[PDB]
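Included below are structure tokens for two forms of one protein chain, each presented in isolation as structure 1 and structure 2.
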Structure 1
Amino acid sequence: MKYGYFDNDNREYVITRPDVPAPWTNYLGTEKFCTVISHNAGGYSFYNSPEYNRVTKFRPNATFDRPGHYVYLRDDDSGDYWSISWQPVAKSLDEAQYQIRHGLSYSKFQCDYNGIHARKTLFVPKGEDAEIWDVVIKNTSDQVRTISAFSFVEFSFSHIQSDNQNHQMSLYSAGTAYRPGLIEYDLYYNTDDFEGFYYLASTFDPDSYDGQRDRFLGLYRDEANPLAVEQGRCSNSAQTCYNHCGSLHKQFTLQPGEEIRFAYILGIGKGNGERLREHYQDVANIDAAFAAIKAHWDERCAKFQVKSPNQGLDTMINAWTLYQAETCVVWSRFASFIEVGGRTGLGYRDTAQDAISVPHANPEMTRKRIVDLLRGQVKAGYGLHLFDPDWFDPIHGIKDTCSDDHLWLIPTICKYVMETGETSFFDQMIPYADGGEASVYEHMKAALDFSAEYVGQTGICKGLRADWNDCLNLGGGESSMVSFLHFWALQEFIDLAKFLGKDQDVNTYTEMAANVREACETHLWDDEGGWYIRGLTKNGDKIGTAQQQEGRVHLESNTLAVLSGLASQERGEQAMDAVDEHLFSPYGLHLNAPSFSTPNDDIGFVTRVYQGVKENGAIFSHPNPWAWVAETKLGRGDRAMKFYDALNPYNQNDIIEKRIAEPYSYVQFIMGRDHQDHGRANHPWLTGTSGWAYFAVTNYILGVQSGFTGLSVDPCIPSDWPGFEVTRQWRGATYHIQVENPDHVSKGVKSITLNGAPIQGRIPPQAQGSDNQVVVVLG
């Protein structure tokens, strides 16, 4: 079953039926004001901090996704009413036709019902901290129609906790006041004239309004049947205390075929509402704002475009996965329909990894997040697991430290400089979170040295998940994954030091890497099963062996052994063959197998998790891309693509009855074979899977990699591919890459010509604005 389709021409996902088994969401905003909106217009907005500056409310994890940003239409001759979004009124789908088009930073809602055509486009314009509701109403009937429009948003008390609890305080913390076409919401305890005021305005001069939620909705009614909408007029309520809303109403008389256009604006700050309601009265200003949003992504998408034999890959890489990846980098991981309170700010390992994905499209935000992470690192070398970047924008101990967080930052910083050429970044002085300062280069060495220190007696990095927090504590237990990650970070740093001429560091870290490789190859390989173990308990018992009954094969250790470059080709192929044989499924690769069924605290919390769920036997998406990278390094492009196709949401567009979640977004995890809901995808949007998937496909399958001295093209594709084409923008120059595979191999470059001239090695960075033809022949 399917509920929509991909519109490649307009870069939108079209939902043709609104009764989807779950809310399919989209993100509005590219700067500070953000809105998480569903195909049923359910959702909320926040400014900068989802935890402390929520703008409109949200009652999560319920059968309905309310409240939202709704527009109710009413036929004043009959009293009939409906919403432009299907919910909350939920007019019969046998009577009304709904369509939702989720685009990049905008969502279009459409409803055709009983002679009235209505469209509503929600988007956050660049340059403003507000959301525009561009509404168009057309009378498609043969008679004069009188239609009233009502907006609705329930204003938040700003702190999520204040919306969820402590109402003894929050119910008396705000008030509403009215001025022509503007409901002004005052957070009374927040004296900042900007952050302490919200508003809902209309470009039309209202006939009525409501600032009190209980008056608009009415007693024993909810968003599905507001009293104001039913009776055809608001109560013109506005007062201090209790729950507030932003409802503006206007009646329109439409001749047959006549259409009208107007807008509502939800925003923050005194003075902005009166200004924008006037500004957008000239619809040309709305169109101009929308055009800027289209341009924003056109510019980004154009920096990497691919044309290959795989339509699913092309569709996702050329738009959706880039979009999801950058969304993570810009908005972080704590504002969705799943993350709705508590954790806020930046997760160290999450953003460190996310930031490696789109420096080619958004270098400024990538640099910002990297600086945030460097500022969130302590002198010891590790990073604060969870912190608010605003804290350090001009601290926990080793017990709460997660052994891998800081290491992910190394490859990411190296990639950022490779991409932008900002080599001076390494000399920039950045303060440590716990006092003092050091250059970016030294921050990096502090991270590498930390992991070299925190190892066991056999030379393996400490790290094991004891509690329910996905954190590799240092309280006992060694992790194969951390050692492999350390090796990878070391290889990256070695290349850097070599490029910078830091001979002393080259020797130091080459030696360190050498010791890591020897220790891993000696202690982590299981020659009975033919794979790498997950690690060892604090008592020295190997976890992930061929002799154990549960948790024998682990995805993370085996994929990273190869991705890092530590594993030999021989062990790499066998380990990945075990991954394929024991972990592959039509929905993607399982994290481990068999699932754990016996609680064992020496192994970790994973033994206390349901089978086929989360860390215990589920298809955890994040590590899947690592398997693709591993396969490309082994030269098995067909194997890599088998894995890619299985996880690609695009290919599951017509199995929603099983997947449930959005077919345009990667999710945190899919229920594994051991759970009765095997196949159901959970937690779309804010997952590191998107950044890694984008990175894996662009840099390893398609094989396009920026470097310190040149651009490399070394693809690993399915042998049956006749070739493919990529448009890559790097350091201000364009590279039109054409890959030819006449001998039908998977990997191996026979020749590369730059502008008609054969070259050997990487492509040197060309002049600013230059357009270069690059022909790569595999063989």
Structure 2
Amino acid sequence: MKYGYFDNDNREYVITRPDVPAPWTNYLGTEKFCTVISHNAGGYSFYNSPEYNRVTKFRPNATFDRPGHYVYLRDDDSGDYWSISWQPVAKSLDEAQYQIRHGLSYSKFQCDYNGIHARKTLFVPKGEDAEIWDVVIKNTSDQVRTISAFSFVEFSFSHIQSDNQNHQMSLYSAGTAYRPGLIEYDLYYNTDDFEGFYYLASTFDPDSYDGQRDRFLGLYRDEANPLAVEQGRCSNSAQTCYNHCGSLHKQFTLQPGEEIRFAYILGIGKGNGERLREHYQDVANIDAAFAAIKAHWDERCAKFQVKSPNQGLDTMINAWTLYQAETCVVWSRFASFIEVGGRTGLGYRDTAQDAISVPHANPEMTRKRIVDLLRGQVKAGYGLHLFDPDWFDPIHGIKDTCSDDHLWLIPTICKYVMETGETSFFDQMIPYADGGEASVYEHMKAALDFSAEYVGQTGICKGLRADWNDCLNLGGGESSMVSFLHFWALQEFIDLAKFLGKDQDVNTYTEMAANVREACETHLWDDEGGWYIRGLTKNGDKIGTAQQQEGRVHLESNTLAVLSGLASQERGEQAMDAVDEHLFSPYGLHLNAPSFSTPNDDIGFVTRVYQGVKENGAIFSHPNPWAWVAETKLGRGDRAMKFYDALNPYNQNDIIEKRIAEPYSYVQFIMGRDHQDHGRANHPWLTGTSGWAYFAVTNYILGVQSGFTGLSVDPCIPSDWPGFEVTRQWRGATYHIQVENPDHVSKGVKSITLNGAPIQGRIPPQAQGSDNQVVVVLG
């Protein structure tokens, strides 16, 4: 079963029927004002901080996703009414035809019902902290029609906790006032004239309005049947206290075939509403704003485009996955339909990894996030697991420290400089979260040294509070995952030190890496099973061996052993063969097998989690891309693509009855084989799987990698691929790459020509604005 399809030409996902088994969302905004909106217009907006500056309310985890940003239409001759989005009125699907087009930073809602065609485009324009509701109403019937339009949003008390509880205070913390075409919402206790005021404006001069939720909706009614809409007019309510809304109404008379256009604007700050309602009265200004949003992503998408034999890969890499990855970098991970309160700010390992994915498209935000992370690192070398970057914009103990957090930043910083060429970044002085300062370079060394310090007697990194797996809590125990990550970070740093001419550091960290490899190869390999163990408990018991009944094969240890470059080709192939044989499923790779069932606090909370769920035996998406990278390093492109195709949301467009979640978005996890709902995807959008998938495909499968001295092209693809093409923008120059595979191999470059001339090795960075033809022949 399917509910829509991908429109490649318009870079939009088209939902043809709104009765999807779950809300399929999209993100509006690219700067500070953000809206998480569903295909049923449910959702909410916030400014900068989802926790402290929510703009409109949201009642989560319910059968309906309300409230939202709704436009109700009413036939004033019959009294019939419906919404442009299917919900909340939910007019029969046998009578009304709905369509939703989710695009990059905008969503188009359409409804054709009983002679009236209506369209509503919701998007947050660049340069403003507001959301435009571009509405078009057309009379397609053969008679004159009189249609009234009503808007609705329920204003938030701003702090999520105040919307959910402590109403003894929040119910008396705000008020509404009305001015022509503008409902002004005042957060009475917020003295800031910008952040302390919200508004809902209309480009038309209203016939009626409502600022009080209880008056617009009415007693014993909700968003599905507002009293104001049913009766055909608002009550012109506005006062201090209780719950507030933004409802503006206007009646229109339409001749047959006639259409009208107007807009509603939801925004923040005094003065802006009056200004924007006037500005957008000239629809050309709305079209210009929309064009700017299209340009924003056209510019980003153009920097990396691929044409290959795999349509699913092309569709996702050329738009959707780039989009999802950058959304994570810009908006972090705490504002979705799943993350709706509590945690806020930046997750250290999350943003550290996300930031490695799109420096080619958004170097400015990538740099900003990297600086945020460096400011969030303590002198000891570790990172603050969860923090608000605004805290350090010009601290927990070791007990709350996760062992992997800080290490992820090394490869990311190196990649940022490789991509931008901003070598001076390493000399920038950045303060530590707990006092003092150091250059970016020294911050990196502090991280590498920390992991060398916190090891066990055999040289394996301690797991501490938790490693990448939040449910693997070893403390004094040791993590294979962390040691492999340490090795990867060390390899990256060594290359940097060589490039910078830091001979002393090259020797120091080459020696450190050598010790890590020796320790891992000696202690972490299980020669009976043929794979790498997950780690060891504080008591020295190995976790993940061939003789255990639970949790024998783990995805993190085996994939990272290869991704880091630590494992030999021989052990790498066998370990990954174990991954394929025991963890692969048509929906992707399971995190571990068999699932844990016996509580064991020497291992972690994972042993107390349902089988096939979350960290315990489910298909946790994030590490899947690590397997793809591992396979490319082993030179097995067909294996890598098998894994890619299985997890690619695009290929599950017609199995929604099982998947449930958006076919254009990677999710946190899919129920594993041990759970009856095996196949059901959970938590779309804000997962690091997106950035890693993008990074893995672009840098390893397609094999395009920026470097300190040049651009490398070393693909690992399915042997049956005749070749592929990639357009890559790097440091202001364009590289038109054509890969040919006449002998049908998977990996191995026979020759590379730059503008007709054969070259050896990397492609040196060419002049700004230059266009270069790169032909790579495999063999």
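Counting starts at 1 and follows the sequence of structure 1. Residues that one form lacks are left out of the comparison. By rigid core we mean the largest C-alpha set that fits within 1.5 Å across both forms.
Engineer: Relative to the superposed core, which single residue of 119, 296, 465, 270 shows a CA shift of 2 Å or more between structures 1 and 2?
Structural biologist: The residue that shifts is 465.
Engineer: If I superpose the two forms on their rigid core, does the C-alpha of residue 430 end up displaced by 2 Å or more between structures 1 and 2?
Structural biologist: No; residue 430 is a residue whose C-alpha shifts by less than 2 Å between structures 1 and 2 when the cores are overlaid.
Engineer: State yes or no: after fitting on the rigid core, is the Cα displacement of residue 342 between structures 1 and 2 at least 2 Å?
Structural biologist: No, its C-alpha moves less than 2 Å.
Engineer: Take the rigid core as the frame of reference and indicate whether the C-alpha of residue 474 shifts by 2 Å or more between structures 1 and 2.
Structural biologist: Yes, the C-alpha position differs by at least 2 Å between structures 1 and 2.
Engineer: Determine, in Å, the CA shift of residue 603 between structures 1 and 2 after the rigid core is used for superposition.
Structural biologist: A shift of 1.1 Å at the C-alpha.
Engineer: Where the Cα shift reaches 2 Å or more for at least three residues in a row, which ranges qualify between structures 1 and 2 on a rigid core fit?
Structural biologist: 464-469, 471-475 are the stretches that shift between structures 1 and 2.
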